[PDB]
Structure formats: structure tokens, C-alpha cells
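Encoded as C-alpha cells, the structure appears first; notes follow it.
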Amino acid sequence: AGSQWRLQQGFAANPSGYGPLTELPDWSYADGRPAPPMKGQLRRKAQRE
Amino acid sequence: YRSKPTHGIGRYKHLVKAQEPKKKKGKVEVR
Amino acid sequence: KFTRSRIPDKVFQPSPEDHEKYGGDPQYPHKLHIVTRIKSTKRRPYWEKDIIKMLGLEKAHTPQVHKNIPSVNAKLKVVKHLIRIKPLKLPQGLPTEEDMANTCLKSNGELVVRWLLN
Amino acid sequence: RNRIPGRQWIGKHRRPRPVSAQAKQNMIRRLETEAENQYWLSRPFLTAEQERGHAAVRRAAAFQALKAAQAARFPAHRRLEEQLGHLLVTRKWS
Amino acid sequence: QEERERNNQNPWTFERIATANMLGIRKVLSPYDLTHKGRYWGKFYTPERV
RNA sequence: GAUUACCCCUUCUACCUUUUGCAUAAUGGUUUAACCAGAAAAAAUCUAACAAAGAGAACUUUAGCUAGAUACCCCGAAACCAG
RNA sequence: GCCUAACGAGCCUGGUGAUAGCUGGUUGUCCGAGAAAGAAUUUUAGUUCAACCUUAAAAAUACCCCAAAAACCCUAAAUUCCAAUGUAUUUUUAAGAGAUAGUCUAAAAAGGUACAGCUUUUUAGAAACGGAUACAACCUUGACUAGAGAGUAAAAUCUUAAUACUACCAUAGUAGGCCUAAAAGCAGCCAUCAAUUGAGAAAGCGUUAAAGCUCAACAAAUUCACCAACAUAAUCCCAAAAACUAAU
RNA sequence: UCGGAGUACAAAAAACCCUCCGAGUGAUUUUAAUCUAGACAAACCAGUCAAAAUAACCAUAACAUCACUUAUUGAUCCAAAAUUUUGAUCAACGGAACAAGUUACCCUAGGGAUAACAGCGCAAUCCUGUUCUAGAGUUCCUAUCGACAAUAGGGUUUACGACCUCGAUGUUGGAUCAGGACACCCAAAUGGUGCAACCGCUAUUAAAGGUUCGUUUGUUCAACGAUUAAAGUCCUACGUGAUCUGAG
Ligand SMILES: [K+]
Ligand SMILES: [K+]
Ligand SMILES: [K+]
Ligand SMILES: [K+]
Ligand SMILES: [K+]
Ligand SMILES: [K+]
Ligand SMILES: [K+]
Ligand SMILES: [K+]
Ligand SMILES: [K+]
Ligand SMILES: [K+]
Ligand SMILES: [Mg+2]
Ligand SMILES: [Mg+2]
Ligand SMILES: [Mg+2]
Ligand SMILES: [Mg+2]
Ligand SMILES: [Mg+2]
Ligand SMILES: [Mg+2]
Ligand SMILES: [Mg+2]
Ligand SMILES: [Mg+2]
Ligand SMILES: [Mg+2]
Ligand SMILES: [Mg+2]
Ligand SMILES: [Mg+2]
Ligand SMILES: [Mg+2]
Ligand SMILES: [Mg+2]
Ligand SMILES: [Mg+2]
Ligand SMILES: [Mg+2]
Ligand SMILES: [Mg+2]
Ligand SMILES: [Mg+2]
Ligand SMILES: [Mg+2]
Ligand SMILES: [Mg+2]
Ligand SMILES: [Mg+2]
Ligand SMILES: [Mg+2]
Ligand SMILES: [Mg+2]
Ligand SMILES: [Mg+2]
Ligand SMILES: [Mg+2]
Ligand SMILES: [Mg+2]
Ligand SMILES: [Mg+2]
Ligand SMILES: [Mg+2]
Ligand SMILES: [Mg+2]
Ligand SMILES: [Mg+2]
Ligand SMILES: [Mg+2]
Ligand SMILES: [Mg+2]
Ligand SMILES: [Mg+2]
Ligand SMILES: [Mg+2]
Ligand SMILES: [Mg+2]
Ligand SMILES: [Mg+2]
Ligand SMILES: [Mg+2]
Ligand SMILES: [Mg+2]
Ligand SMILES: [Mg+2]
Ligand SMILES: [Mg+2]
Ligand SMILES: [Mg+2]
Ligand SMILES: [Mg+2]
Ligand SMILES: [Mg+2]
Ligand SMILES: [Mg+2]
Ligand SMILES: [Mg+2]
Ligand SMILES: [Mg+2]
Ligand SMILES: [Mg+2]
Ligand SMILES: [Mg+2]
Ligand SMILES: [Mg+2]
Ligand SMILES: [Mg+2]
Ligand SMILES: [Mg+2]
Ligand SMILES: [Mg+2]
Ligand SMILES: [Mg+2]
Ligand SMILES: [Mg+2]
């Protein structure tokens, strides 16, 4: 848990909130070309805008 | 109205006396 | 009979120590609110339900930005026990039309214009 | 051996359930949050006179958009392809 | 009863919570509890409550 | 729910009817097969024909008339009358 | 009473699919919205209207709502009305059925025993698959499907169970006056002076009345000392247990 | 049925076999017309106000008044009168044109929506202990008692409520068998006394065992005879009728 510590440090209370663990793409092709964007990430960037 | 600052502007019964009416049964010169 | 509660104006007079405790600005009030609902509209009167509905606070734990005008503050005072209110801070200022899609709102109450550059 | 008369949470005689130390802290945590709530509402940015009709064109436009969308309610168009597309039921391989 | 009320080291008191309607407590309290300040409950008067 | 493993473990107060509220110690059912209970088009809405007129007579008409489609249960008394 | 195993009036057939505001029953899947009672009634076991609600349609304003404003003897919580603002709701027209047998909690009252899980009204809330061990009504909760991910909300053992007060020491006027059968500090009345460095015409007990004991004042001497005690039920008590390894 | 005041404290509305007043018409003359904007009220039926305009009369005249003035009243149909108009304690007062008793000889459809028996809620009534001393006790408050009052608990009595059962929870007393509580009748230990002993009164502790046989009454209860260490109080669906009895 420890959500109070995370809020003190500036991070989100939930580790799934706008952290580097969520925004970054989880998979990519071996050759190196980027993978198609996630459905969740695109939706999350529409409510922020 | 109660909450308005102009409450009680029409008060008059405290200006004149009560003037007890001369009742038919209570008519007596109570001095 | 249970009726609405009238909040006396003496409650909303801040002490000189309040500004230092909560990090407020003694001279210039902040410009925008960030309102997050905490508790439930259930087991509460109907007039509190409508005020929550008309402020865009239907879903809990979702920040919503409102002005600091007295008209909005009049409604917030009714449901001030169901919401969490924090000021909106702008370290980089207002976003422009170029950086609309890169905005992110941190938990501490500041809006970062450029988020995860490159 | 010792019973609570009637239902144990309603009536003249109830259960003696006391308040716990955890419950006291929950009340205080909510009180501290609400103490901060009534400070940020204390000092508005604009006064009552300066907000007189500051945003009314947007409010008027929002209502006009509502009227326009609600007034467009009408049955949709009917085309020949929908009626003639039913004959494709018995399409065969000759 | 005034010195014990002036030097109270507890930030929250019945007078502050009830009048300001904190936590929506007015749904539980009686309209007379605004004046009684929590020192009176029915016909019972507890003098130790501040 | 599971589990290498049927139990052992953990989590769950039968089902309808009737009620403010039924695991209730309120009602009904041993179980199986067969049989057993929503029906009407005056005004209306939807679709179409023709339109100041419509209908294959008889009528309705200040956008109306003609046609179609959309509708309203089963079991049970003590009794009453005549032969 | 008896008249073919039921006679407050036989049996059979027909009228007969008698009629029941009363009881029971009402058969595939999935999806959308969704109501607790104001008024009349041989009426309160039911119906017909109003409100609310459903389906379709038209239109513009609906909620929140500041100042001003609403009674005369005293009078609380607060309502009505209304611009801004926040927000999308509301009205009208055309079709409609259900419901009209209510339970508790908080608040203002009434009847009662300032009794009821009691009863009659008004305002508000609820009817979790979580929490209060069990739990319709209390608290946390915007009820979708799949995952062997994560953060949080209400919330789990409640306080005190309290009171020792122990040295030393007593002699004058004087049975003060009055009172009474007798009233010697000590039924009552009245006064309350006075010897001795020290001791009240008496604080308590006692005597028929006296006598006598004790307490105030001598000296001696110096921990602290207001107050806080309250019986029992019937099948068998009822998680087990624990005063400190770091808790917003 | 209709009106006024409180319950209903400040716009409206708002109940009880709730607390208090009334109305079912009189007196008088100013004998109070016709026609129409707009509204209050309201389910409906009903009820209320009302400018302008016209006529009446000071020749550019409409509120009948007084009695808390608010209530002083009745729908259709139908009947009678000239056609104008009138007609009900239809008071069960939104009114069936005209109709009572009894059923333990009873029948049917239902209700635990609604009573009697039982449980449960509550403690007025009932029971048990303590706090407070005026007094009774020759003197002496508390050996034994204790008025006016305070406080806590038990759930045995009669009530109160109508919450589970009326497609059934069988109802007094005995017979048999007893389970349990302690607020103990006896048996054991002990404090106090207005306890010399004997016989007593009172309080604390203890529930393993025990608590009789007969006359009258259906009786539980009560009276009486004889006796016993004593012939306890109460709960258990006032235990126990798929074990019996049926006197009531
Ligand atoms: K109870
Ligand atoms: K039954
Ligand atoms: K039934
Ligand atoms: K059934
Ligand atoms: K009926
Ligand atoms: K004397
Ligand atoms: K009637
Ligand atoms: K009672
Ligand atoms: K029964
Ligand atoms: K015994
Ligand atoms: Mg219970
Ligand atoms: Mg409680
Ligand atoms: Mg249940
Ligand atoms: Mg019932
Ligand atoms: Mg129902
Ligand atoms: Mg059953
Ligand atoms: Mg039944
Ligand atoms: Mg059966
Ligand atoms: Mg038709
Ligand atoms: Mg007949
Ligand atoms: Mg015949
Ligand atoms: Mg026969
Ligand atoms: Mg039938
Ligand atoms: Mg009703
Ligand atoms: Mg209706
Ligand atoms: Mg205002
Ligand atoms: Mg408005
Ligand atoms: Mg009904
Ligand atoms: Mg009720
Ligand atoms: Mg009730
Ligand atoms: Mg309600
Ligand atoms: Mg639970
Ligand atoms: Mg959700
Ligand atoms: Mg001395
Ligand atoms: Mg005792
Ligand atoms: Mg145990
Ligand atoms: Mg109106
Ligand atoms: Mg005129
Ligand atoms: Mg008729
Ligand atoms: Mg009537
Ligand atoms: Mg009426
Ligand atoms: Mg008739
Ligand atoms: Mg007889
Ligand atoms: Mg019968
Ligand atoms: Mg009922
Ligand atoms: Mg019985
Ligand atoms: Mg009974
Ligand atoms: Mg029972
Ligand atoms: Mg009691
Ligand atoms: Mg005496
Ligand atoms: Mg008592
Ligand atoms: Mg009942
Ligand atoms: Mg009732
Ligand atoms: Mg049965
Ligand atoms: Mg017996
Ligand atoms: Mg026994
Ligand atoms: Mg004892
Ligand atoms: Mg003995
Ligand atoms: Mg019995
Ligand atoms: Mg018997
Ligand atoms: Mg038998
Ligand atoms: Mg039996
Ligand atoms: Mg007999």
C-alpha cells in the first residue's frame, strides 16, 4: 500500500496512475518498428487534452 | 416579516392603554 | 424537522496562521479550483444529490476544475463535506495550442504542460 | 444467558456497542480535510459584482445547441437499396 | 467552566462542528443542539462536557 | 472455488405464492410422461393507396378518407328456479 | 326428528361455462426506463379522478437561485419568491396502465405509563454479494463482462472498577438569672460576662436531678487527608488468548 | 356535514374515538340589475372575487348592514306552480324512490390484514435490594420497624401493543416422570440483639439431598383434622393429552 508516501513524493496514489510503468508501450516488434498504440493509452490522452 | 429589519414597524398596542371594555357581568368601579 | 443547514459567514474568515499552514497566498487568491468527490450521495438529502450532479462530480476520485467565482463557491459550501478541494498550480503557465495533447495533472495539484518529452 | 430484548439495534434498549480508537481517527481525518475545504472557499478571486454576466454568450450558445439537436428529431431517409437489397436472399450459382 | 473552555487543547469542539455543519452532522443532531452546545441531552445536563 | 487427489479446506439462511418484513416452525409440491390458463379494433400510433376529396352504392370530409398491423385469462363456492 | 350411509330441508337432470371486490395458478431468451397512497365513495379486502411514471411528439426554458420583498403582543430550525452562475432539464400535445393495506432510523409534536419492535401527522434517509460475530431500516458504496493486477472507504476486544486518621490535656466566680417536684454547661426562657499563659454560663454523650466520659482552649508537636462504596433467574460459562521490537 | 383558535411557532397544505369554542338562523332597510377583461381555489362536482361597458337613481349614483361574520347548508332524476319559481334531521349530510331482529341448528369464501390460548415487546400494576431520617421503640434514628421522598434491577400477576401461527400452536385441574433458578422451608457454618439459659426476632454464606397423609369443592386457592427436621417461592408452551384422565 503506502499511498500516503507516494502522494508526498509527487507520484500518484495508485501505481497505475500516469506513472512511467503505464504510459510506456509494453511490447514492440523485434526488428524495432513501433507497435500500434494501446486502446487505453489513446483514451487516456483524449480526456487529458 | 420576522427576519426583515422592518419587523414590528406596525406595533401600536403598546402605545395606547389596554382599555378594558366594560363587560356586562364585570362592570364595576374597581378603584 | 430536518432542513437545509445555513453556514454562518464567520466560518469562512481565515486566521493569519491559516495561510502559512495550508500554503495559501495572503494577498492574491488562487484562480481555479480542483474538486474531487470523496463520499457518496447516498444516505444524503436530495438537494445535496442535485448539487453534486450539476457540478460534474458524478464519478468519484475524478478531478474536475471549476472557477473561483462566488457563484460556484455558493454551491460548493453546501457539499463541502463530500468533496476535496485543492488549488490548481501552473509551474509552466497556461498550455498553448501546441502542447494541448501533452498535458498531465499530477496528484499534488499542479498541471505539467510538457509530460514525458521525447 | 444475557439477551438483548427485541431487536438489538432498534428500540428503547439497544446493544452497548462502544466507539473504538479506529473510529475516532477516521472522524479526525475527515475533519482535517473539511477544515482545509472551508479555507480554499473563503477568498474568491472575483467579487459578486465582477462576475455579473461574465460568461453568458457561452451559456446562451449551449442552450441554443440543445434546441437545435432536439429539433432535428425526424425519421431517417428510406432508399431503394434497402428495398431492392432483399431480393439478394435467393441469389444462386446459376 | 470558562477556564476549562478557554484552555482546551482539543482543536475540535461540539460548538465548532455543529454550527459549521461539518461532516453533514446536522442530519443526526437536533436543531436545539446548536444552542445547547452538546452539554444537554434530553433532561440530562453533564457539566464536564466542553 | 478448486486440487496431483471422490471427500477432508474455504465460501454460500431451498424454490414459488403471500407480505411492511418469510431459511422461517406461513402456503403448495414424492418423482416421471401426456394434457392444462390473454380473446374483441370506437379513439389512437406505425406503414401504404388516393388526395379536397376517399371508399367496388347506402357513409365520413375546414387534410382528410380507405386498407392492413398493434387488445382486454384459467380452476373453485354455500345457494336460487323449473321439471 | 325421519323421508336410501351429509336433511334448519332429499336426490338427479336442465337453467350452468350460475356469480364471487375472496384464495390458488398463469408456460422461451435478452435489453431499456421504472411507482408506497392527496380527494370522494354501504367506502377504506374494491374502484374512479389528481400527483408521480412509461411510450411517441412539439416547443422553450427548468433546477441551483444574490440584493429587494411576505402582520399585527413574544417567538427556533428555517420556507416562499428571484438575477447571475453551474448544469441539461422542463413544459405542452397524443396514447396509457399499475399503485391507492408501509417498515425502521434521525428531527419537530400529539395520545400513552416524559411504556412498547405502540399509535396519528410534517421534513429527510435507507432497504450490499462489504462492515456492526449472526442482522430488511444504522455506516461505507455511480450494482456491466473477462483477468491467478493495484490503490482505498466503513470498520475488529469499551472505560474506571478509588475512601486508615492515631497525641496530650482539663482547673475560677457559679446550682448565672429565670424556670420546674428537682433544671448544677447540657426541657424551656433570658443573658452570654468573668479567674488563670491557658479553657465555650457550652459542642456531644450521660443523670430523675447530680456525678461522670468526650470535644473546643494550654503546652507538646508538625508526611498527607474536599469527595468519590449499590443484590439476583431459571437446558450449559461462552471465540481462544495477549499489559511494549518502533503504527497517520 | 359546515366555520374559528391551538396541535400546524415564519408562503400554502397537513392527521387522530386529539385539546377548546360554535353553526342547521334571526334583526333591520340601504330590496342589493344586466353584461363581460383578467385571476384565486380545486381530482371531479362544486365554491369564490372582478376592471371596463349598459340601465337605475345625487342626473358622468352597484360592497345591503349588524350579531368573533367566518358557518347559517343538499347533486341529478322526479313532482308541483305562471312559462319566470319552489320542494328533503335525503343529518348515513357527493344523498339507493320505498326494507328491522335472531341464529349455540348454522353453511361458504377468506384473514394471524383481526380477537380468545401460548411466545415476544414494554413495566402502569406486581416483585426484590439499596440511599435519605422525621418518628414508633419508657431514655436511645437504623435489636425489630420506618411516613413525605431518592435510585437500581427482576419479568410470577392483571393490563397495554397486535409482531410469528386461523389450507388449526388442542384449552383448567389432577396421575406418571420430573429438568432448572436462589429471592432457602428443613438439614450445615456464622455476625447482631431490647441474646442469661430455653423458646425467638434479624442479617451474611451454601442448591448435593428432602419437602406427608386425609374431610368438603371440577377445582389451582382457601378453611379444618392428624403429623413431620420441613410440608419453600417460581420458571419450564402458567413443563408433560402422537403417555392417561374429561369432573369443569
Ligand atoms: K430492542
Ligand atoms: K399454517
Ligand atoms: K394465505
Ligand atoms: K403455491
Ligand atoms: K371490498
Ligand atoms: K437547663
Ligand atoms: K353514505
Ligand atoms: K405496557
Ligand atoms: K390459529
Ligand atoms: K431442589
Ligand atoms: Mg431478538
Ligand atoms: Mg447502539
Ligand atoms: Mg433472511
Ligand atoms: Mg403479517
Ligand atoms: Mg404489495
Ligand atoms: Mg414451509
Ligand atoms: Mg395462509
Ligand atoms: Mg405438503
Ligand atoms: Mg380504429
Ligand atoms: Mg332471487
Ligand atoms: Mg325447487
Ligand atoms: Mg341423504
Ligand atoms: Mg368464475
Ligand atoms: Mg391507505
Ligand atoms: Mg391516473
Ligand atoms: Mg434572498
Ligand atoms: Mg429563475
Ligand atoms: Mg387499499
Ligand atoms: Mg408506518
Ligand atoms: Mg411502528
Ligand atoms: Mg417519507
Ligand atoms: Mg456481512
Ligand atoms: Mg463501476
Ligand atoms: Mg483539646
Ligand atoms: Mg440477598
Ligand atoms: Mg467456548
Ligand atoms: Mg391555482
Ligand atoms: Mg364599474
Ligand atoms: Mg339517478
Ligand atoms: Mg359521506
Ligand atoms: Mg366534501
Ligand atoms: Mg342507483
Ligand atoms: Mg341450546
Ligand atoms: Mg369455514
Ligand atoms: Mg395492515
Ligand atoms: Mg398451547
Ligand atoms: Mg396474548
Ligand atoms: Mg409460538
Ligand atoms: Mg426493567
Ligand atoms: Mg422518639
Ligand atoms: Mg423503576
Ligand atoms: Mg398480527
Ligand atoms: Mg400497526
Ligand atoms: Mg401446515
Ligand atoms: Mg404435576
Ligand atoms: Mg427437581
Ligand atoms: Mg443466598
Ligand atoms: Mg437451618
Ligand atoms: Mg400445560
Ligand atoms: Mg392437561
Ligand atoms: Mg390419546
Ligand atoms: Mg404432546
Ligand atoms: Mg362434562
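FYI, nothing fancy with the C-alpha cells labels: chains A, B, ... in order, residues from 1 per chain, ligands from 1 as they appear.
The binding environment of ligand 14, defined as every protein, DNA or RNA residue with an atom no more than 10 Å away and counting only C-alpha atoms (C1' of nucleotides) and all ligand atoms, comprises residues 18, 19, 20, 21, 22 and 26 of chain F; 112, 113, 163 and 164 of chain H.
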For residue 184 in chain H, find every residue with an atom within 10 Å (counting only C-alpha atoms (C1' of nucleotides)), except residues of its own chain fewer than 3 positions away, and show them as a list in words.
residues 206, 207, 232 and 233 of chain H
Only N, CA, C and O atoms (P, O5', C5', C4', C3', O3' and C1' of nucleotides), please: the residues just picked out, written as a PDB file, in the first residue's frame.
```pdb
ATOM      1  P     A H 206     -23.256 -18.027  48.348  1.00  0.00           P
ATOM      2  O5'   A H 206     -23.495 -19.562  48.691  1.00  0.00           O
ATOM      3  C5'   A H 206     -22.422 -20.491  48.664  1.00  0.00           C
ATOM      4  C4'   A H 206     -22.840 -21.838  49.198  1.00  0.00           C
ATOM      5  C3'   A H 206     -24.040 -22.481  48.523  1.00  0.00           C
ATOM      6  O3'   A H 206     -23.708 -23.130  47.308  1.00  0.00           O
ATOM      7  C1'   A H 206     -24.288 -22.620  50.866  1.00  0.00           C
ATOM      8  P     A H 207     -24.712 -23.061  46.057  1.00  0.00           P
ATOM      9  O5'   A H 207     -25.883 -24.066  46.445  1.00  0.00           O
ATOM     10  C5'   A H 207     -25.612 -25.441  46.693  1.00  0.00           C
ATOM     11  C4'   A H 207     -26.729 -26.331  46.205  1.00  0.00           C
ATOM     12  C3'   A H 207     -26.985 -26.299  44.700  1.00  0.00           C
ATOM     13  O3'   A H 207     -27.412 -27.587  44.265  1.00  0.00           O
ATOM     14  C1'   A H 207     -28.937 -25.634  45.843  1.00  0.00           C
ATOM     15  P     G H 232     -45.278 -26.762  51.067  1.00  0.00           P
ATOM     16  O5'   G H 232     -44.407 -25.431  51.025  1.00  0.00           O
ATOM     17  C5'   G H 232     -42.995 -25.485  51.145  1.00  0.00           C
ATOM     18  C4'   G H 232     -42.382 -24.107  51.139  1.00  0.00           C
ATOM     19  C3'   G H 232     -42.583 -23.294  49.869  1.00  0.00           C
ATOM     20  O3'   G H 232     -43.838 -22.636  49.833  1.00  0.00           O
ATOM     21  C1'   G H 232     -40.308 -23.221  50.498  1.00  0.00           C
ATOM     22  P     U H 233     -44.715 -22.625  48.485  1.00  0.00           P
ATOM     23  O5'   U H 233     -44.097 -21.435  47.626  1.00  0.00           O
ATOM     24  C5'   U H 233     -44.306 -20.080  47.996  1.00  0.00           C
ATOM     25  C4'   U H 233     -43.378 -19.153  47.252  1.00  0.00           C
ATOM     26  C3'   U H 233     -43.455 -19.206  45.734  1.00  0.00           C
ATOM     27  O3'   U H 233     -44.538 -18.471  45.191  1.00  0.00           O
ATOM     28  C1'   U H 233     -41.201 -19.314  46.393  1.00  0.00           C
TER      29        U H 233
END
```
- request: Give the residue list for ligand 58 at 8 Å, counting only C-alpha atoms (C1' of nucleotides) and all ligand atoms, as a count of residues only, sorted by chain and then by residue number.
  value: 3
task: Run DSSP on the backbone and give me the residues of chain C it puts in strand (DSSP E or B), as a PyMOL selection string.
output: chain C and resi 32-37+64-67+83-87+89+104-105+110-112
Only C-alpha atoms, please: the residues just picked out, written as a short mmCIF file (atom, residue, chain, number, x, y, z; two decimals), in the first residue's frame.
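As written to disk, out_34.cif reads:
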```
data_model
loop_
_atom_site.label_atom_id
_atom_site.label_comp_id
_atom_site.auth_asym_id
_atom_site.auth_seq_id
_atom_site.Cartn_x
_atom_site.Cartn_y
_atom_site.Cartn_z
CA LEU C 32 -9.06 27.86 -10.28
CA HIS C 33 -10.37 25.00 -8.16
CA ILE C 34 -9.71 21.28 -8.44
CA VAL C 35 -12.66 19.39 -6.97
CA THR C 36 -12.64 15.65 -6.25
CA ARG C 37 -15.60 13.85 -4.71
CA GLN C 64 -12.79 18.44 -12.06
CA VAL C 65 -11.78 22.09 -12.49
CA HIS C 66 -14.14 24.93 -11.55
CA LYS C 67 -13.80 28.68 -11.29
CA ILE C 83 -15.57 16.79 -1.82
CA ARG C 84 -11.85 17.56 -1.64
CA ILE C 85 -10.75 20.99 -2.87
CA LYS C 86 -7.19 21.87 -3.86
CA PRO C 87 -5.80 24.86 -5.75
CA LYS C 89 -0.96 25.37 -9.74
CA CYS C 104 -0.82 15.84 -17.35
CA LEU C 105 -2.27 16.67 -13.92
CA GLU C 110 -0.06 21.11 -10.46
CA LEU C 111 -0.57 20.92 -14.22
CA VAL C 112 2.58 20.00 -16.15
#
```
re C1' of residue 128 in chain H and atom 1 (Mg, counted along the ligand's line) of ligand 35: distance 8.8 Å
Compute the set of protein, DNA and RNA residues whose minimum atom distance to ligand 18 is at most 10 Å, using only C-alpha atoms (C1' of nucleotides) and all ligand atoms, and state it as a list in words.
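Using only C-alpha atoms (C1' of nucleotides) and all ligand atoms, I find these residues within 10 Å of ligand 18: residues 27, 28 and 29 of chain F; 167 of chain H.
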